[PDB]
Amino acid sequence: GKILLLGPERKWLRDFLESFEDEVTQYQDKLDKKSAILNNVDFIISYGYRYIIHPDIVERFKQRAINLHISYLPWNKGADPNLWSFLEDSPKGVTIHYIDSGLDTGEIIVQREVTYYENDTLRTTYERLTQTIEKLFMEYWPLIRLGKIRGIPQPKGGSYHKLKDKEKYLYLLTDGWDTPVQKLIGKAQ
């Protein structure tokens, strides 16, 4: 099969997907509805993709397009989920979900809670989320690749954030991504 990876290039993920004798193409720029990147694409995997996928593409690859989102949906849809999971003291984790119209609102395939520690920073928590979702994806990809799973509807509620929403809190990130998370718990409540 042919897998379209939307997001930055990741040799490990290419090699892993290519381990199942599938073809892998990568693209990280804005994707038009009629782009030839999509021809003969069996499955779309979005991971770090920084653009909204057109509803026409969504409906075309309905049930064949998943997104790796480093949040515990329905909480922290959209941008900067790791930061917001602390700013709003919400559940923390990673979710693999089918892609639908709207940002991070599709059916949930699998989730995993990720805990944190007293001396965690945004960097160490992000890295733990990354390792977890990448581990979680490899665990269930053999099952997902064969259409062996169906998702459950994402419960309404949770939360959603835009990139600009964090501007009012950047002053708390004294050490950038090396800022301890403890100084950020519930600061947005």
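Quick note: we count residues from 1 along the sequence shown, nothing fancier.
Exercise. Taking the mean of the C-alpha B-factors per stretch from the entry, tell me the winner out of 33 to 41 and 119 to 127.
Key: Of 119 to 127 and 33 to 41, the stretch with the higher C-alpha B-factor average is 33 to 41.
Quiz prompt | Mean C-alpha B-factor comparison - 147 to 155 and 128 to 136, higher one | solution = Between 147 to 155 and 128 to 136, it is 147 to 155 that shows the higher mean C-alpha B-factor.
Exercise. Rank-wise, by C-alpha B-factor, drop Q63 into the lowest, middle or highest third of its chain.
Key: Ranked within chain, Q63 CA B lands in the highest tercile.
Self-check item: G7 - Cα temperature factor, lowest/middle/highest third of chain
Solution: According to the entry, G7 has a C-alpha B-factor in the chain's lowest third.
Quiz item: If you rank the chain by CA B-factor, which third does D89 end up in: lowest, middle or highest?
Solution: It falls in the bottom third of the chain.
Exercise. Sorting the chain's modelled residues by C-alpha B-factor, tell me whether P81 ends up in the lowest, middle or highest third.
Key: According to the entry, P81 has a C-alpha B-factor in the chain's lowest third.
Self-check item: Within-chain third of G102 by Cα B-factor, per the entry
Solution: Its C-alpha B-factor belongs to the highest third of this chain's values.
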